[PDB]
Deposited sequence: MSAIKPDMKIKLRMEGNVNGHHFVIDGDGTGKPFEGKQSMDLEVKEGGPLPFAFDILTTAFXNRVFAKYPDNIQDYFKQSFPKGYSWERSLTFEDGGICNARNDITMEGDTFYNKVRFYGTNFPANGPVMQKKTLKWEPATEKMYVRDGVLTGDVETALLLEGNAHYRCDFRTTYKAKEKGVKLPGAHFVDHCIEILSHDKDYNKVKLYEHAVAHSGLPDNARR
């Protein structure tokens, strides 16, 4: 196996939300076979961000997911060459984001070239007013559409004041090597948490745990 039980993560994101430009760098570690990762993020340009940091976090690698032997693990099988993904995010009030990640591996480290573009967020809405608290835990449904591995998530952000702000997202995933075999349909349960942050979210520590399963006990 190319993938070690302990791996480092290096990341750069560039993006633009509602016209606001930003650059965020990330440094982290994780355990591919246990489905756990954590990382320190730092805003390098455009800070303090004028929108809810939480909209970014799912863009900050399905290699970090515990797969049982009975499900084909497309992500681990994509290395060393790597893979990329593209995601569209649709929010209940018309906010739309497109994000992509190109993931490579050199030695013990995954490098991530992330781009994130968001538009059409209402100025009075929870994103531009910074009213979000967290993503609720979510299940990603994995299946093949027109020969492309596709994951769908229907989820929500919890807001201040006991309200939820719904978001649907679709991600398509493509190995760089031709001939990595596609898996059968399955599910991946996710939990993502901001562990700590400073005053305006210029520095954030982020954690994710993810487990693949076939839907039964």
Unmodelled spans of the deposited chain sequence come out as 1, 62, 220 to 224
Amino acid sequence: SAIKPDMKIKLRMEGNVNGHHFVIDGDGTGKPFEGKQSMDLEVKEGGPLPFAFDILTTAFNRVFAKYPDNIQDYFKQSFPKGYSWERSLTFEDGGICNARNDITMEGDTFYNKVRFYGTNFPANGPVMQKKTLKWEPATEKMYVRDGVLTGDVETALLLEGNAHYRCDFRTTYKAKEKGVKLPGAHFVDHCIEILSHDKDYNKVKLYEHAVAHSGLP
From here on, numbers count along this sequence of modelled residues.
Mean Cα B-factor check, 169 to 177 vs 44 to 52, entry values; winner is 169 to 177
Comparing 68 to 76 with 110 to 118, the higher average Cα temperature factor in the PDB entry belongs to 68 to 76
Checking the record values for 102, 86, 140, 146, which has the greatest CA B factor? 146
According to the PDB entry, is the CA B factor of residue 124 in the bottom, middle or top third of its chain, that is, lowest, middle or highest? middle
Ranked by Cα temperature factor within the chain, is residue 31 in the lowest third, the middle third or the highest third? highest
Pull the Cα B-factor of residue 37 out of the PDB entry and bin it into the chain's lowest, middle or highest third. lowest
Could you tell me which third, lowest, middle or highest, the C-alpha B-factor of residue 57 occupies within its chain? lowest
Relative to the other modelled residues of the same chain, rank the CA B-factor of residue 200 and answer lowest, middle or highest third. highest
